[PDB]
Amino acid sequence: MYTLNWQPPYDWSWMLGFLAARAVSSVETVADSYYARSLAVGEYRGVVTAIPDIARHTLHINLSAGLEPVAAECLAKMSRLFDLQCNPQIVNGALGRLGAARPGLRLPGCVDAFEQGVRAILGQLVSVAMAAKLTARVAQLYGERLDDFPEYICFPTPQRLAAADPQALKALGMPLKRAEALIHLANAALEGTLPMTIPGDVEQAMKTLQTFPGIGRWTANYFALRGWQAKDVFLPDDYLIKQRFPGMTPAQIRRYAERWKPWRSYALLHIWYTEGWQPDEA
Amino acid sequence: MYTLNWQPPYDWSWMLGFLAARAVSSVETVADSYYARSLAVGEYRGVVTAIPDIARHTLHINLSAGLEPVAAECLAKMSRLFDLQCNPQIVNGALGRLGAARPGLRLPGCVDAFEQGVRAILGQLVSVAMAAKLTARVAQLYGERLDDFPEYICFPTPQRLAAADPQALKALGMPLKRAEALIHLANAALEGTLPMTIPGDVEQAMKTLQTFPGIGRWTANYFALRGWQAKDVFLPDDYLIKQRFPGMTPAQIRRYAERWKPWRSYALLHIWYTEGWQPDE
Amino acid sequence: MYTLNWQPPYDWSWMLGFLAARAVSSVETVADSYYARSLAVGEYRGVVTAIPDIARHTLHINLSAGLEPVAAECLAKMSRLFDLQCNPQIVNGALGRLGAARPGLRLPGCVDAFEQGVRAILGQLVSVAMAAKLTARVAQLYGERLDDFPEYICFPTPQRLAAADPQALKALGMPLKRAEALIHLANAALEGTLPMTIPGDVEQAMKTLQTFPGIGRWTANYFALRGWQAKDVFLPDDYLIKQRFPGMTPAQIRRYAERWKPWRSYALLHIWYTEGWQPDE
Amino acid sequence: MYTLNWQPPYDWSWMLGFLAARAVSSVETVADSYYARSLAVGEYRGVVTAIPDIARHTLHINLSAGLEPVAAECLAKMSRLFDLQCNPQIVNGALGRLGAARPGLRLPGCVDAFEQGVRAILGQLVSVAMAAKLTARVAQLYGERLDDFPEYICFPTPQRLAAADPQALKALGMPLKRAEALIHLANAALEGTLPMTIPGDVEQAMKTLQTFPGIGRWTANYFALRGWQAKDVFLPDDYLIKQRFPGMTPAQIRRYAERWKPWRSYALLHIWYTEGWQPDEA
DNA sequence: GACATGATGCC
DNA sequence: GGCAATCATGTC
DNA sequence: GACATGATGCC
DNA sequence: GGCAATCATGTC
């Protein structure tokens with residue numbers, strides 16, 4: 001197995017926990033010491049297994065035979081999923097005490113922007129647990145099973161979802177408009193209109209993303225955070241974030257979030273995970 | 001040292017030579033035993049050195065310390081540049097005798113789609129050695145230099161070239177339309193409108209690229225070929241290709257090339273690098 | 001010379017009074033018993049005179065020699081300006097008490113939609129008198145002088161006004177944005193984007209108009225009302241209308257007006273010209 | 001019973017014949033001495049009868065009681081249809097030879113631009129007789145009957161055609177694409193996007209029309225000629241005209257026609273109605 | 001949450 | 001009045 | 001080579 | 001006829 005480095009501290013229990021909550025049945029498998037899932041890179045497929053080694057601050061990655069031809073890209077995808085690039089000394093020195101409770105926190109990324117786009121859309125309105133359920137049905141109906149690993153299914157490709165019947169997706173438990181949004185996103189992915197990597201001007205791209213049918217500011221923001229691992233974006237419209245800033249309007253929440261620039265993505269995560277956090281008694 | 005695998009055969013001499021001719025001073029250094037170049041991933045910057053290991057069918061990649069944080073992405077970038085994914089047994093089994101003489105040929109990719117887009121535009125009409133001298137002046141003028149490696153320079157970012165003065169670009173040795181093409185291409189990249197990875201519908205994606213100012217079909221095809229490593233595209237409008245298919249129009253060339261689907265991009269390279277090659281009867 | 005019919009009752013004093021307050025020097029002359037103005041239908045130019053005949057319920061129209069070739073269209077233009085089509089019993093039978101005090105009220109139209117669009121723009125945030133003087137200055141500066149009637153100038157054509165210097169106009173007594181709004185309007189008329197006759201979907205047509213620079217919801221509605229003679233539009237955003245509906249928001253006034261469908265245009269007219277009119281509490 | 005004057009000479013035999021050949025059953029009635037058709041100006045409807053008095057060169061027009069409230073507009077519609085504004089001395093004195101055998105030649109207009117738009121499109125490819133029959137079928141399916149004249153039917157409104165089922169129109173004997181062209185044209189007229197009156201820059205206007213699905217250069221030119229009564233437009237693409245200029249390409253014909261500016265629409269009619277005509281080779 | 005409709009200041 | 005900026009309201 | 005114009009075959 | 005594809009041409 002391939003091995004990738006990381007800079008301590010790294011809160012692996014928090015990260016794995018974060019992933020377990022959103023895990024999709026038949027696609028991912030999350031345990032306390034490892035993370036494994038189906039993975040498609042073009043027409044190459046397999047299973048990637050990520051095993052952290054805390055004593056050596058190394059991450060071991062195993063790839064099933066089908067992914068070997070594109071080994072390096074699988075490693076890149078894993079590195080983005082686990083935010084291996086993070087230097088906590090930098091971020092913690094800037095967030096100050098907002099992050100002192102859990103200095104090893106990282107930005108959970110994704111393995112594929114299109115999948116993350118599909119996840120963001122399905123995450124609208126519903127609970128984290130509910131989305132994971134819905135996403136599990138979309139994968140079940142539209143995803144390709146692996147010949148070498150039978151109860152692992154690959155997340156649905158852009159081509160398969162683009163040729164799906166809106167009524168069919170609606171039948172899995174989502175409004176018509178949401179099913180439509182998924183089909184439009186798949187087409188954008190096919191055309192290459194959906195940025196699969198973080199753009200130079202994130203706010204302009206999110207602006208373009210919002211013209212898409214079914215994608216408002218919450219989804220564009222959340223997608224930028226997870227799909228691109230954009231490090232400086234807040235979610236002033238998030239359900240939980242509004243509770244964290246009781247009695248505050250979306251714009252207030254962001255003039256406030258401004259203090260955490262240019263690591264607002266990290267501030268966002270800490271707040272979500274700080275049980276009794278509340279704006280300063282200033 | 002990180003290490004990556006690749007299936008034999010692999011003509012490193014031919015690959016290195018292809019990159020050597022297009023090498024850009026201060027950015028890349030090409031020798032017959034290794035390839036090295038500046039590299040930027042976001043704000044992480046350093047120098048990468050790739051050394052083929054023929055004995056072991058392996059490619060050894062070394063990254064300076066300032067690139068270590070994004071090591072995996074650097075490896076993916078290198079694996080795409082050198083086409084490590086290729087299974088020559090499959091390509092040649094399909095191309096038959098077109099590829100029988102250079103079985104180890106590979107598709108030279110790129111390390112970043114935007115950079116490759118710039119190279120494609122700057123490579124229009126002029127010669128290979130010229131494009132390389134020109135692109136070097138550009139990297140010289142707009143590239144960020146490495147503190148740890150002064151002798152090197154990172155390729156221009158889309159943000160740097162997007163706010164670039166047109167005439168300033170022109171004065172380097174290119175029509176105004178070209179400088180303008182570069183500027184639009186950077187803006188497009190800045191807002192995620194330029195696909196940085198191969199899209200599901202390559203044709204459609206290429207048609208969209210063609211609505212870009214300064215980008216025609218030849219450039220779109222060539223961009224898809226190297227920028228996305230699209231394996232099934234041909235360049236019927238290429239100058240040399242027209243010579244390989246004497247008196248044949250772009251459509252006749254294209255209709256002929258159909259016999260190599262789905263590996264037309266490899267067929268293209270074999271024909272490009274086979275002087276005196278001619279079509280059948 | 002020519003004669004057109006109308007259905008009684010018809011308040012000519014009120015109608016001529018409306019046109020007199022907005023009369024544009026050099027273009028039109030309004031008096032107690034007649035209305036006259038310059039008119040251009042293609043390359044045919046001249047003076048039209050309209051004299052109401054109360055005894056016969058008839059309107060007499062005279063055309064100078066240069067307009068005879070296109071006399072029918074001149075007549076049509078006059079019938080749209082004076083709302084000759086109106087059957088007051090149907091309108092009053094519907095508006096109920098609202099129009100019982102002035103049953104001969106008519107919708108003052110126009111004789112050219114472009115010209116009317118220009119007046120709508122020039123009447124923004126100003127007094128009737130100022131708009132008139134403003135329009136007149138525009139008229140003398142970019143119009144056509146009738147050789148047969150030296151004191152009459154034809155209203156500015158779209159071609160002439162689209163090629164005007166935004167600054168030469170600002171200098172007449174209007175903002176820079178007001179002047180660009182006119183120049184934009186003119187290019188619209190020149191290429192046929194400004195509807196010259198009433199569209200089937202007034203709501204949609206108005207929506208598009210609002211995309212025009214310098215044209216908001218108010219100008220668009222007032223334009224439909226007079227330039228298209230749409231009979232079921234209201235002006236909630238009108239300063240005067242906002243005073244007639246004390247402490248009500250556009251949405252509230254608009255919902256209150258629904259009681260006058262499908263004759264809201266006429267209802268608007270009656271409220272505009274009713275001193276202490278107030279909505280039912 | 002209303003009267004409009006015209007300038008001699010006026011070839012009524014030619015005009016009535018031209019209209020007679022393109023007459024739409026149940027909508028229009030054309031005889032050797034008069035023209036009559038259904039007419040809708042807004043919600044006002046009736047029948048219009050025009051009777052030409054050669055003697056004292058005047059056109060007598062009668063309106064059904066239904067159009068009386070909009071009499072003036074009906075008169076204007078008739079004046080455009082019969083090109084009564086034409087000063088033949090000015091045209092015949094500018095085309096010389098070309099227009100000498102028929103100096104009473106007038107430009108056949110229309111009574112409504114939208115109607116003329118539908119005709120122009122239905123007049124694509126097929127013969128005059130087939131177009132007339134095709135149009136008659138459209139009027140029968142979507143047209144409005146007059147309570148006072150059960151024999152007459154009003155030409156379909158933008159409102160009905162815009163709501164029409166593409167398949168229903170197809171079944172009348174036209175390609176699906178033509179049916180779709182009609183539906184898009186009706187939507188345009190409803191929106192106010194179809195110039196109902198001659199625009200100042202006919203060139204630009206026609207170019208914009210060519211962006212409409214189903215409308216090409218020929219339809220745009222032909223629409224401008226009859227629908228806006230534009231006097232300076234030629235039809236280098238017309239079939240009959242291609243035979244009048246054997247061997248010449250659209251551009252060559254276009255270059256040639258320039259000699260007749262600014263009355264190219266009249267030259268077009270004259271060349272059309274001169275079987276023996278042929279150009280000069282110098 | 002997406003999205004269409006609605007209700008202080010500056011040029 | 002045109003117009004951007006933005007909380008606020010309200011089915012899907 | 002990019003890009004305006006001009007000039008065969010399937011709806 | 002509309003319209004997408006294709007080929008030659010003259011420019012920058």
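Reminder, nothing fancy here: chain letters follow the sequence lines and each chain counts from 1. Note that these values count all heavy atoms, side chains included, but never hydrogens, waters or copies made by symmetry.
- An OP1 or OP2 oxygen of E/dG6 is reached within less than 4.0 angstrom by no side-chain nitrogen or oxygen of C/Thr249.
- Taking atom CD1 on B/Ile121 and atom P on G/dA2, their separation rounds to 10 Å, with Å as the unit.
- In this structure E/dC11 is paired with F/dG1, meeting the Watson-Crick or G-U wobble definition at both distances under 3.5 Å.
- Nucleotide E/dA7 holds its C1' atom 13 Å from the NZ atom of C/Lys242, rounded to whole Å.
- In this structure, D/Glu203 places its CD atom where only 12 or fewer heavy-atom neighbours from other residues, nucleotides or ligands lie under 6.0 Å away.
- Out of G/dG6, F/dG1, F/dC7, the shortest distance to the side chain of D/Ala251 is found at G/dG6.
- Contact annotation for B/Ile215: backbone-only contact, meaning every heavy-atom pair under 4.0 Å involves sugar-phosphate atoms and none involves a base.
- In this structure, the nucleotide among H/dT6, F/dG1, H/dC12 sitting nearest to the side chain of C/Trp218 is F/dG1.
- Anti is the conformation of F/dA8, whose glycosidic angle sits further than 90° from 0.
- Atom P of nucleotide H/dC7 and atom CE of B/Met248 are separated by 10 Å, given to the nearest angstrom.
- As the counterpart of G/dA7, H/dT6 is assigned, both hydrogen-bonding distances of the Watson-Crick or G-U wobble pattern falling under 3.5 Å.
- Residue-level contact check: A/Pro213 touches the backbone only, with heavy atoms under 4.0 Å from sugar-phosphate atoms and none from bases.
- The side chain of B/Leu125 approaches G/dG1 more closely than any other nucleotide in the set G/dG1, F/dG2, G/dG6.
- Rounded to whole Å, the distance from CD on A/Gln210 to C1' on E/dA4 is 15 Å.
- Between B/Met174 atom CE and G/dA2 atom P the separation is 16 Å, expressed in whole Å.
- Between H/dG2 and E/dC10, neither a Watson-Crick nor a G-U wobble pair is formed under the 3.5 Å criterion for both distances.
- Nucleotide F/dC7 holds its P atom 12 Å from the CZ atom of A/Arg255, rounded to whole Å.
- The separation of F/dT11 from E/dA7, taken at their P atoms, amounts to 15 Å, rounded to a whole angstrom.
- In C/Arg254, the CZ atom is not crowded: 12 or fewer heavy atoms of neighbouring residues, nucleotides or ligands sit closer than 6.0 Å.
- At most 12 non-hydrogen atoms from other residues, nucleotides or ligands lie less than 6.0 angstrom from NZ of D/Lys133.
- Nucleotide E/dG1: paired with F/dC12 (Watson-Crick or G-U wobble, both distances less than 3.5 Å).
- A/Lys242 places a side-chain N or O within 3.5 Å of a backbone atom of A/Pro236 that can act as its donor or acceptor partner.
- Put simply, CD1 on D/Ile253 is 14 Å from P on G/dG6, counting in whole angstrom units.
- The residues C/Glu258 and C/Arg255 are annotated as salt-bridged, a charged nitrogen and a carboxylate oxygen being separated by less than 4.0 angstrom.
- The interatomic distance linking C/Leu185 (CG) with F/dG2 (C1') rounds to 14 Å, in whole Å.
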